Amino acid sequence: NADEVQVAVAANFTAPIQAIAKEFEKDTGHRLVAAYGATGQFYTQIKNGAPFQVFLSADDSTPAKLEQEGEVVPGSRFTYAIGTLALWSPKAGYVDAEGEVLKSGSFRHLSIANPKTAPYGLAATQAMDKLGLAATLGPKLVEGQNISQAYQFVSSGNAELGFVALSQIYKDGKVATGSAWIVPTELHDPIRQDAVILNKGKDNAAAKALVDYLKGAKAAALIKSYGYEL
């Protein structure tokens, strides 16, 4: 069978890439083999020799930092998605339509991803900041090691609500489940998610097919189906 593509995938984009890989494999005959986790954790793994050949980041600074450190194919970095951040519980109406629960709520645990490694976690800390609520919300925070773990804390009842990726609650034009407030962008840095071809993916055929496929129509339609822009 054809060249495989080792892809490091930021946790928010787990479900999206699983769906992309099926059509990608159907369409190119290259196999996408993915690992899922926090962006900063892949920065570490990639610096240490991880076999990954493509890196789908939840930010743009980290693929850019890797390029200025000699780990990236120049000309390879592009934006493949722009995410959105939402406050969310599976309990309906608990997270009101204007996010007033943050200001008046009585919750004890507020799930965010580790903002030192997970950009959807950093967007959460930015928004609390610009919302004027950092000092009051700080003690209630509970950090997952990536945005999938933060979401599971909420989904499992280990916290009353959390800042989750829109990708995890959104399908086909709508939040699908529980209670959400869409964080308005003026509160955090836009979640520009960049891809990059790493040194081990230079002159690999699965890798070029993959970045070209992520810019194609089957890919673009699925990415928009999960609430991402462009």
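Heads up: residue numbers just count along the shown sequence, starting at 1.
The question of which stretch, 159 to 167 or 35 to 43, has the higher mean Cα B factor is settled in favour of 35 to 43. The PDB entry records a higher mean C-alpha B factor for 131 to 139 than for its counterpart among 109 to 117 and 131 to 139. When the C-alpha B-factors of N48, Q193, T185, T28 are ranked from the entry, the top spot goes to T28. Across the options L87, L102, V72, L122, the residue with the most elevated CA B-factor in the record is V72. In this PDB entry, the Cα temperature factor of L56 sits in the middle third of its chain's modelled residues. The deposited CA B-factor of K65 belongs to the middle third of values across its chain. For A205, the recorded CA B-factor ranks within the highest third of the chain. Only modelled residues enter the ranking. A10: CA B factor in the middle third of modelled residues in this chain (values from the PDB entry). Among all modelled residues in its chain, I197 ranks in the middle third by Cα B-factor.
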